[PDB]
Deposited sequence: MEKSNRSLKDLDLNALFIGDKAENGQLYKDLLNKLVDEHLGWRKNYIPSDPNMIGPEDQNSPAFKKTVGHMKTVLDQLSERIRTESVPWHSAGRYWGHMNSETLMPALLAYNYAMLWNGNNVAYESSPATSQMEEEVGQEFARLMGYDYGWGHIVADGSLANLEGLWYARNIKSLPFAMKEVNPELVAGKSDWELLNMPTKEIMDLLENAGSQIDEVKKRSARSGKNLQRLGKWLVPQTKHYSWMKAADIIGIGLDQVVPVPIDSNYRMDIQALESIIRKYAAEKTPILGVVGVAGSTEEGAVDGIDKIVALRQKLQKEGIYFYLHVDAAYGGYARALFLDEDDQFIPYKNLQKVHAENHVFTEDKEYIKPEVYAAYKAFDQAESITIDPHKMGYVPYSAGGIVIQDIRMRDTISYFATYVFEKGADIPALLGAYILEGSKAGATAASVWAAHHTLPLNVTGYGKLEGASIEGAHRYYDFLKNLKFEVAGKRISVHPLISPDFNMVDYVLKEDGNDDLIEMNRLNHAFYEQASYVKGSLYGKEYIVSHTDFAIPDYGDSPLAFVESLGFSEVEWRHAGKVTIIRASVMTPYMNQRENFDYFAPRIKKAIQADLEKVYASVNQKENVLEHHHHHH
């Protein structure tokens, strides 16, 4: 697939490939309709179709769809326009994923029961194998979940039930764990748990009855450690799963907005000295507001270190946003690419348009260590470009599914009924674009390169407006494809005024419901506030000349946010066209803020 052309796989910002989409859709719908036809005799005949009541019912249906159409066309946000839109959301999806959904949903199969939908059931089995291969799990498994928040919950459900198994085994058959103290039982590695459970053989059902599934001993299972900026799905997941919000422990992040691994170790050692177990740790690959990648490799090394002293924790990687990026690192046979060969393999497969370093070494090392996590959340509906709703969960060892199972897919998942059409959509996206450099690598690469062009363009911007001098100050070089920055009046050390400036700028560079005048530059915004960030933004705000005192008084810094998900800005010629226009739009927006 060396010459795979991404331009052919999307409808396009201006529906440039609309006719292709229509042609393929009509062909697939014809195939379904032919299939229903190809017996007797017609429940609905030409006598029915011609009646006055039938035609009036058709008219009624058409009126409701016209009302639907009106609302969606006039209340939706203007469609994203590459080169102008530098905000946090993307709605564009892979055309083969849209088509496959459109076709499959005509069968209306339900993937909880193989019977109702054998082909999409098999497609979900294949997608789960494809996730496991992406993450480097030789004996793993995965499935499609309604969304990544529920995948996170499923992750905690595994961790919770797994932690509780050693004691459950002791209750059912003390010889399975003979000689182990309670602190050893609370610090058994997950592989050793699954090997014991396998040895328990026929007693697995009784063992499961005495596990956390029984509701007993939940608080004993210990602390769930997350970065302080965790997505709120994690707080909900601890609430829902019964360990509770009291057991969630925030771990400080560093100046790169990554979980501070020295602080992680200090927290873990302090709980372990009290004999409080660590239920698990969440590492994030692709944070929600900075696209930061945590040092998953540093967490795995820390765990190996602590295992020597009798301490173990479950590791879950929340890669809801960053999951598909592991495709950058896998060759056409799905093998992990050595770091020194990376630029060469990328150049050969046209992942990046220029041959330079694009991936930070510590980002590479973090992604390399995924295969050591017990479980991973990944969302086709984010950076997989599959339409909502489609989340995903990957587990390291397929035997883990027996810890949550009920008495095939339906027996092994948190949720109930699910659309076979969803599996068709994800399956079609994966087979059009393999999960390595030949497929998704190119798509994730185009996004990263457009984020780098944008980042490079923003670091040298100054504006003269209403007698004042304003500079752009990028937050950090992006780990992935999110780029953040602040505007600031030169020499002005009032953080509250800087906050007000970025907020007002955002209001000038954003649409409102009903907007029809196109804007040349659209951004997003968010606040980094002390309650979720602590002092992680302090070095940045001090670098700008604000004092620590000023930080505590304002209590937050307002940040202009961009998640670069369009593939079109990777090309120098495309980006260069918009760069001078963006600069003119920022200048006019500042004129309006100060007027």
Q. For this chain, which runs of the deposited sequence have no C-alpha coordinates, given in order from the N-terminus?
A. 1 to 7, 46 to 48, 418 to 430, 619 to 634
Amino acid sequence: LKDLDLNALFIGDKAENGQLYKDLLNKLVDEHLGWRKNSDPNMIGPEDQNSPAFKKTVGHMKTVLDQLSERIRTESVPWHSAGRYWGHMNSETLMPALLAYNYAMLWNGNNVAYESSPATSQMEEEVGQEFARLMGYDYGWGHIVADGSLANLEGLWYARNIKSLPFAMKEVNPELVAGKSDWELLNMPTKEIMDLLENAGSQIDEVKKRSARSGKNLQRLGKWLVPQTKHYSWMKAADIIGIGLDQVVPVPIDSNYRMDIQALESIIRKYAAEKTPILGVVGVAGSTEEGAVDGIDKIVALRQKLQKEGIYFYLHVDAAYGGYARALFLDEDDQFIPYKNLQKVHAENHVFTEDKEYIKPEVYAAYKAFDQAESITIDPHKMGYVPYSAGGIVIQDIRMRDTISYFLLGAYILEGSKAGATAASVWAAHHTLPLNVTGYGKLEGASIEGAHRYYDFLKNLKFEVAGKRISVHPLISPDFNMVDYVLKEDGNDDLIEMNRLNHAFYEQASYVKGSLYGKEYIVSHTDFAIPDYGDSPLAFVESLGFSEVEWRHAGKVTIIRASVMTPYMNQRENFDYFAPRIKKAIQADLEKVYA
From here on, numbers count along this sequence of modelled residues.
Q: With reference to the PDB entry, specify whether the mean Cα temperature factor is higher for 512 to 520 or for 389 to 397.
A: 512 to 520
Q: Between 70 to 78 and 195 to 203, name whichever shows the higher mean Cα B factor according to the PDB entry.
A: 195 to 203
Q. If you compare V29, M569, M43, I560, which has the highest Cα B-factor in the entry?
A. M43
Q) Out of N152, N90, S287, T120, which shows the largest CA B-factor listed in the entry? A) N90
(Q) Using the temperature factors of the C-alpha atoms in this entry, rank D182 within its chain: lowest, middle or highest third. (A) middle
Q.
Lowest, middle or highest third: which one holds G142 when the chain's residues are ordered by CA B-factor from the entry?
A. middle
(Q) Is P338 in the lowest, middle or highest third of its chain when residues are ranked by C-alpha B-factor? (A) highest
Q | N110 CA temperature factor, ranked by third within the chain | A | highest
Q | Chain thirds of CA B-factor: placement of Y314 | A | lowest
